[PDB]
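> build the 3D model from these lines:
(3 chains)
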Amino acid sequence: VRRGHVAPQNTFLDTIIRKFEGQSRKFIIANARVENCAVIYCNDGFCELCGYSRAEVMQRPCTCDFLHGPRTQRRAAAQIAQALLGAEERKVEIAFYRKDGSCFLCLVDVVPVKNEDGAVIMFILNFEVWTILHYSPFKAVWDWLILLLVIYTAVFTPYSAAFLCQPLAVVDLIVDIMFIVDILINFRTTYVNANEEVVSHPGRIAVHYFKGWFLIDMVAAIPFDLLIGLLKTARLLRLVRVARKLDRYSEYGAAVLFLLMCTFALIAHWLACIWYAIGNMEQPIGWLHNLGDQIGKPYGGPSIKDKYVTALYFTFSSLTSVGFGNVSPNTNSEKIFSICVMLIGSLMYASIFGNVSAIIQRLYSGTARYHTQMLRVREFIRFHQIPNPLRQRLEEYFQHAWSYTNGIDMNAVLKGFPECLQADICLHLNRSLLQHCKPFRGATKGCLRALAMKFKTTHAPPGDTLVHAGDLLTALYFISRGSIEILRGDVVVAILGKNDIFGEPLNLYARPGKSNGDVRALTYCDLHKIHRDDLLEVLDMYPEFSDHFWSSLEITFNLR
Amino acid sequence: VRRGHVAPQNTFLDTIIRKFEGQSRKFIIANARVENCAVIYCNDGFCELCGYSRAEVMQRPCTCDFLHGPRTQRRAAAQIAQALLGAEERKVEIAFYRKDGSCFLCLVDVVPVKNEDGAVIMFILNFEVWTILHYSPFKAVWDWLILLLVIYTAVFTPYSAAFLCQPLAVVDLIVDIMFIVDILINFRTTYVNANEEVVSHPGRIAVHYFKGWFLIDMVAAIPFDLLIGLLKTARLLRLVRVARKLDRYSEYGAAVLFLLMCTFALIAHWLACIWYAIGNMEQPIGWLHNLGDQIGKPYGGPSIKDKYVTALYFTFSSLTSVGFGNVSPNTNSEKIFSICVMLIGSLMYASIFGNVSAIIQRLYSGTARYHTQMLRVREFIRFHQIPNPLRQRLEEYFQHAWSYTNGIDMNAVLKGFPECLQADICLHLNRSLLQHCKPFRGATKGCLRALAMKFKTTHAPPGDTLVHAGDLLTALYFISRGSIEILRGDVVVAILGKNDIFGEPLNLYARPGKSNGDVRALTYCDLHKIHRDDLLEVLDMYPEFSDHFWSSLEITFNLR
Amino acid sequence: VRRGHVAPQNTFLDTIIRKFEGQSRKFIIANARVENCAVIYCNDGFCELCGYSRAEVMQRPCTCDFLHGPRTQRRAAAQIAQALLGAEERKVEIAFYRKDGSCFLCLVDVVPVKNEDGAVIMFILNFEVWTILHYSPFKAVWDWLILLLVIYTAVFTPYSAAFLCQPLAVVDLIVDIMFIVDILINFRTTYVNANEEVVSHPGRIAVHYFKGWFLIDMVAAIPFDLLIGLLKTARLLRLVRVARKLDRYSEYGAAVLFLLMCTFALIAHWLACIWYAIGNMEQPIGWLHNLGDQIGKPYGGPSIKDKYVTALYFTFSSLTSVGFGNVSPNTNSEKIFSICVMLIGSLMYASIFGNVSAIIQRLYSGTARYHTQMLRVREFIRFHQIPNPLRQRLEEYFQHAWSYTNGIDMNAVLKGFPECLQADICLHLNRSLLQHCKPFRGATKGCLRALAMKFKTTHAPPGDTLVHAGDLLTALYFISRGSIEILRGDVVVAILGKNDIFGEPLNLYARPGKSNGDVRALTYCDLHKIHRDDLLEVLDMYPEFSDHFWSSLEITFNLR
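Numbering: from 1, shown residues only, chains lettered A, B, ... in the order given. What follows is the structure:
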């Protein structure tokens, strides 16, 4: 289920501007925490008065020296300066000057705003001539509890209606209380408006709940004493609660299959009850008389245990397209019902199990594409005829890479997000380097995001050659986990464990230098990677970082 | 089935470091085969003692001249040098010096490690102040043998249970032995752990087999003498062996269809037996009495041959959605069973044959996309209205290219793999050139991989013009198979067979030179290709290779 | 159906080299039509003899001046020169010299090859010390005629076998003749070998037809006189002719649906006959007795008209999953058959109509994607809320572009083909320009292909602004059909009809010049397009073409 982000702590500024926008007033806003109180807003009405644009007015003292002129008094201007420090309402009068030259008399209404703590935050200068959340685990698990007792009302209210201290009557009365309790919960609980990402408190929620889904849910919780048994069919409107809250029940993949399969039972259930109703209410030959000849109970009559089973047995067989012929429609009303069940059944059986077949492939989606992606590799091997030592690499790498990634395109997901969140994702992915290592600490946050974007992650399983002898070292690597070894003609030279760096320094050569020897991983080593073209372009942007970077950084193996 | 790569020969170094990591000791490792015994590892504890970082300590003699100072003796340092050559344990004492200046007394524990042959490989200097494989063809074919006799137990154990030197009893006792033998095989056979790519020997396998799939498979192989016929239903747990080993049975495309179709029979089989059980255990009107009136055997009674057939005949018709009405449920228990079979059948018939329909399209996947890809070309021809001489080329090339590649994207597969394995694939693909030809022999392995990446393969069928007269010769070609001819106005000049080269030398012109004449293939000629921009960029990286390349290489046809 | 390209006219050279390759001889080949008889082939055996490589030997006179030395006679060398002009076999002896220095005596066997006309084409110098085609419209339409009379044999041979001047017997004997005629046709007709793209004449075809599909088709055409009616069931093997020739019948989209639907009838047909056979051959209660009670013919017996209908009626209902219950299996054999029909029917009905549902969507594939592509545009309009004057453009352009292209990606098709055939396609697409226009005539074929690749086609419907006033004229246009008008503030200036050019000359400015005014089409104008960056890069390659191009070309509207 969706939950919007909470309103930022500076959103009060928007409501002040939006209220004064309705008044058509002319004003400016200036901050208190800043040194000389720089102006941070100027509406269109203010620019028409003075003549100056936003660019000129913004980032200037709130006393406004440029507005003063010959006609202004020294004593009158001093009253405005003292009013900022004193923190109170003083309507001081003074005659400002425009950009072009003309003067005007104006009333300066200084009204400081304050928070709950008791401190002056902003300066508005007007001119004139018992709570619950919607995303809580309490409500989340209780929605499943509603859905369970909703199924109860879908099953037992038609069976009670059609076929007619008691154990059944007492449990039914407990369900009536839960829906009355549900209405009380829906007032105090929060919701997500389109514009307002979150909303709380009872003054605002009751307006939304009225003129919405309360009218239908109001009828659900109205029991009465006053046969008249048909009034209990209003409890089927409790099923509407599931439709409006469908976003919560569609989260899990397996839970969706339960809904589609249990509804199929309820569809037949109702039709079974409706099929039974057709037999009783026309009784002058039909299907119920016909059943009395099959099972030995002609007319007393057959039992209700049988009467419902045989009726459900029928309507399942009719809408599953079996058609057994133990029971079958003879009268015109029965046949018309069978026509209705065959028509709705052909729509249902096509639509509902078309989804279930898709949901099984959607649940087992990893293993579905895995076999098709595997058959590409097997056809690729048989095409070129690849020998055994390379055969083992392509099979084991593919299964290792797929089991690691779960058959997911990692770069394809990041392209949907913008550069701000892409940087934040990559900042999290490379948290092991940027936090712990020596050179990356002494740097601004813009540099960290800039680097993180160009960084990569490359999982090297046991016995995988990353680089070979005499190769162009494009990359500069960083190791987080595992233990990588460097060799040179079957001679073990290096053993690079955690928090190690290997490659070449970019300052000395200024060219793509050749390698020293091969480098192979022992364990499932987690490591990171960049390029010379990628890295150098970052250091050109940040010159103060570059001198700090290369000095503090220490490569464990210089490769030449 | 997946099989991990064997642990590399230098993995003992990781276990030594990981054991000493638990001790919290401070040490270094140095190689013996190398000249002056360079240090190849240094933990965090060692850097805290001396003060020096990894970059300074690595690639230096293991005697450590930088650690010595004024306080160290000449006789004491000589004991460490002799200990390296002698190969034994000597705890020599000497007072080293730190980087900053301060001294410390320390005990040098030199412990050389040795292999099975009997030679000193490494120097650890501590400081203190009857087998079987899982991927074998024996086990592979025997898993199919298990699956066959598992189907036996799925079919014959319900039929024996429900409907009741003998030929049947003796064959059943042989199957009981095979599962007891299976348990003995599962101990000695290998498996694939998540971390440990391969694992062997009985000390490690028994720990994994216990607390896993042995508990279920233990119950399978427990026969007893002690009617009590229901205890034989535990043999259905032998079916669990197929689920846990499902990765092996899903390899072949046609073999998957056999599983999905034979299970459909077994599903009905069990339900047939369950349908029969419902008739017998309620016998005070039902379906079995009803059958005695159809076939002339009222009550003796009808035969077991019939009794099972009619029961299977029912349950197939019920779950295939036919519903014949020879046999049909009359009692409440029978109807509830029919409701159960209709509900499970609607799920089964939708799910299982949804997969079979996909598996037929997945097996015939080449011919499926071939017709759709063909209809693009036929619509492309009808759109532009292409004449006969060009019509023949597009049809014959498409069918030749598709029959060659089997409708597979060759470049799309390589993009999934990294640059290391991509080079290894391309090294195999261009093995005909790099091994046999004259100039490519005298070169380093980095050059061979660098070239191979930029190379291509272009199959030219009979009568295909590769290059025309007056064209810009971007490429430089190499022929492996077939026989290509060069013409110039219907005059046969060249006949280039195997191991031939044509194009232009890149040293003389330093520009894109024009061609001499046309060039056409006779047979299905296999040849390779590069570009000027691609090739020149490789030779710039390797200057010693470039002078060797152009001198030794000899182009058969210079084209101007 | 696939048909390979005919063997090129110079393929005799390959067979001569391949035959002499078996002999392990050492030789060269030289052309006659060329001036000084340049050598055009040299095997590995020749290079071992002399010492010289291919590069040095190729493109030199066949007399070989470099091979001569001091020991060679003036009179002996003259015999070789006269032998080239005379055209006959002379085994002249002369002692050649190697590259290194050593001499050797050798026999020069000059054997000129000749064609059917009677002219010397090549010079091989050995050294020693009633027809029919497969793709014809005769065979194409006759394969459909076979398939029609194959269906006859599938339908009438079981009906004749199972249920038992005559009109029926005479027509059956005509079909027996057609299959005997088919065998005679299959000898003389051609086929497509994997290596040999085409093959003809009776010496080669009979070897392929034997040990192939003749053995099965031989049994089809063996009638005998000698009840023994079961021998006529061998005529079902005539159905195998359709399977082996399936490539021809899968061409048309609608014709595939006919095969899948007519087979479904034949599947039921056979099963109907098999269902009938079960009734007769067990006759001591069954289904045939049961039918005698429904329709008033107990036992004479019921008619064969009925007996077959009711049997087909059954087997359709069984495998269509209806199950009527007029007729139904009572005996064990009948039920086992119903189990078999339900099992094969569930496989058939899933597989065969899964294809038919796909074939309907594949036949109506244009209209399928059209609606989905339309819904993108309708959602795109509702997203941005586009006004009426632009609304009309996006709707009309999309329908015009889709109706023109039939929903096909034009550039996506060309990427599959190589640069040779891509150029040939684009040469055909821009045939209107390159043939008819003035500047493109005086140019080499390499230039025409180079230009054609970079050219485009842009259909401008009525009232479409191609270029606006003050725009950067990147392109230079060519008009083939229609009539385009140029305006400048609602003033009609130009009327450019067929074979016209507009843009700017690239020689004068050497910069992207601005436009003069707007340009709009009247009719469905067909026109072509290029760019400055695209065009200039071609003219840099061909300097002799560039001076010819700009002088002869004349732009109708210079735009400034």
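
> list the buried residues for stretch A:390-410?
A:390, A:393, A:394, A:395, A:396, A:397, A:398, A:399, A:400, A:402 (16 or more other CB atoms under 10 Å in any protein chain shown). Using the backbone N, CA and C atoms, a C-beta is placed for each residue, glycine as well.

> scratch that, stretch A:360-367 is what I was asking about
A:360, A:361.

> any part of it near chain B?
Yes. Judged by CB under 8 Å from any CB of the partner chain, stretch A:360-367 and chain B are in contact via A:360, A:361.

> would you mind measuring the gap between the ends of that stretch?
11 Å (CA to CA, to the nearest Å).

> picking up where we left off before, filter the buried residues of stretch A:390-410 by proximity to chain B?
Answer for the buried residues of stretch A:390-410 near chain B (CB under 8 Å from any CB): A:390, A:393, A:394, A:395, A:396, A:397, A:398, A:399.

> ok, now which ones touch the second one?
Same thing as residue A:393. B:421, B:424 (CB atoms under 8 Å, 6 or more residues apart in numbering or on different chains).

> how is it assigned, secondary-structure-wise?
helix (DSSP: H, G, I helix; E, B strand; the rest coil).

> what's the following helix or strand after the longest strand along chain A?
Longest strand in chain A by number of residues (criterion: DSSP state E): strand A:103-114. Going down the chain from strand A:103-114, the next helix or strand is strand A:120-128, by DSSP states H and E.

> next, the angle strand A:103-114 makes with that following strand.
Calculated by axes from the mean of the first three to the mean of the last three CA atoms, to 10 degrees, strand A:120-128 forms an angle of 150 degrees with strand A:103-114.

> strand A:120-128 pairs with which strands, and in what direction?
Paired neighbours of strand A:120-128 in the sheet (DSSP bridges): strand A:26-31 (antiparallel), strand A:103-114 (antiparallel).

> which residues touch that strand?
A:13, A:16, A:20, A:25-33, A:37, A:46, A:49, A:62, A:84, A:87, A:106-115.

> drop anything exposed from the residues you listed.
A:13, A:16, A:20, A:25-30, A:37, A:46, A:49, A:62, A:84, A:106, A:108-110, A:112.

> which non-adjacent residue is nearest residue A:58?
residue A:39 (5.9 Å; CB to CB, 6 or more residues apart in numbering or on different chains).

> bridging residues for that neighbour?
residue A:30.

> about what we covered before: could you dump the strands paired with strand A:120-128 to JSON lines with distance to residue A:283?
Below are the strands paired with strand A:120-128 laid out as JSON lines (distance: least, CB to CB, whole Å):
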{"stretch": "strand A:26-31", "distance to residue A:283": "82"}
{"stretch": "strand A:103-114", "distance to residue A:283": "79"}
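
> out of those strands, which is closest to residue A:361?
Closest to residue A:361 of these is strand A:26-31 (CB to CB; 57.6 Å).

> check contacts around the residue in the stretch 151-300 of chain A positioned nearest to chain B.
Of all residues in the stretch 151-300 of chain A, residue A:294 sits closest to chain B, at 5.8 Å by CB to the nearest CB. By CB under 8 Å, 6+ apart, residue A:294 lies in contact with A:326, B:330.

> what's the answer for residue A:523, then?
So residue A:523 contacts A:462, A:481, A:482, A:483, B:14 (CB under 8 Å, 6+ apart).

> which residues in the stretch 401-550 of chain A form helices?
With helices called from DSSP state H, counting those that start in this stretch, the stretch 401-550 of chain A shows them at A:410-414, A:419-429, A:431-436, A:445-454, A:532-541, A:543-552.

> sorry, back to before: what's the closest of the strands paired with strand A:120-128 to residue C:497?
Taking those one by one with CB to CB, strand A:26-31 is closest: 64.0 Å.

> now residue A:257: closest residue in space, sequence neighbours ignored.
Residue A:257's closest residue in space is residue A:359 (CB to CB, 6+ apart), at 5.5 Å.

> touching, that neighbour and residue A:255? I think so.
No. Counting by CB atoms under 8 Å, residue A:359 stays clear of residue A:255, with 10.4 Å between them.

> near chain B, which residues of the stretch 451-560 of chain A are found?
A:458, A:461-466, A:468-472, A:483, A:485, A:491-495, A:497, A:500, A:512, A:514-515, A:520, A:522-524, A:554-557.

> in chain A, which residue sits closest to chain C?
For chain A, CB to the nearest CB, closest residue to chain C: residue A:325, 5.4 Å.

> quick one: secondary structure of the residue lying closest to that residue once chain neighbours are set aside?
In space, residue A:325 comes closest to residue B:325 once its chain neighbours are excluded; the distance is 3.8 Å by CB to CB, 6+ apart. Recorded secondary structure, residue B:325: coil (three-state DSSP).

> roughly how far apart are residue B:325 and residue A:326?
8 Å (CB to CB, to the nearest Å).

> what do you get for residue A:463?
Taking CB to CB, one finds residue A:463 at 68 Å from residue A:326.

> what about the longest helix along chain A, distance to the chain center?
Scanning chain A for the helix with the most residues, using DSSP state H, yields helix A:332-363. Chain-centre distance of helix A:332-363: 33 Å, with CA atoms, centre = their mean, to the nearest Å.

> just the buried residues of it, please?
Buried-residue list, helix A:332-363, by 16+ other CB under 10 Å: A:334, A:337-338, A:341, A:345, A:348-349, A:352-353, A:356-357, A:359-361.

> please enumerate the strands of chain A.
A:26-31, A:39-42, A:90-97, A:103-114, A:120-128, A:456-460, A:465-467, A:477-479, A:484-487, A:492-496, A:500-503, A:518-521, A:525-529, A:557-558.

> mind putting the ones you listed in a markdown table, distance to residue C:417 included?
Formatted as a markdown table, those follow (distance: least, CB to CB, whole Å):
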| stretch | distance to residue C:417 |
| --- | --- |
| strand A:26-31 | 66 |
| strand A:39-42 | 63 |
| strand A:90-97 | 77 |
| strand A:103-114 | 72 |
| strand A:120-128 | 69 |
| strand A:456-460 | 35 |
| strand A:465-467 | 37 |
| strand A:477-479 | 42 |
| strand A:484-487 | 45 |
| strand A:492-496 | 49 |
| strand A:500-503 | 43 |
| strand A:518-521 | 41 |
| strand A:525-529 | 37 |
| strand A:557-558 | 48 |
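
> give the buried residues for stretch A:317-331.
Buried, per 16+ other CB under 10 Å, within stretch A:317-331: A:317-329.

> gap between the two ends of it?
End-to-end distance (CA to CA), stretch A:317-331: 18 Å.

> in this structure residue A:402 contacts residue A:369, no?
No. Using CB under 8 Å, residue A:402 is not in contact with residue A:369, being 9.4 Å away.

> need the residues of chain A near chain C, please.
Close to chain C, as judged by CB under 8 Å from any CB, chain A has residues A:321, A:323, A:325.

> for the first one, give me its contacts.
Contacts of residue A:321 were listed using CB under 8 Å, 6+ apart, and they are A:345, A:346, A:349, B:321, C:321.

> contacts only, for residue A:463.
A:520, A:521, B:5, B:8.

> repeat for residue A:130
residue A:188.

> do the same with the one 5 residues further on
Taking CB under 8 Å, 6+ apart as the contact definition, residue A:135 lies against A:1, A:3.

> give me phi/psi at it?
phi -100, psi 10 (degrees, to the nearest 10).

> one step back: may I see the buried residues of helix A:332-363 organised as CSV, with distance to residue C:135 added?
Converted to CSV, these look like this (distance: CB to CB, whole Å):
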residue, distance to residue C:135
A:334, 63
A:337, 61
A:338, 57
A:341, 56
A:345, 52
A:348, 52
A:349, 48
A:352, 51
A:353, 47
A:356, 49
A:357, 43
A:359, 49
A:360, 47
A:361, 43
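
> good, wrapping up.
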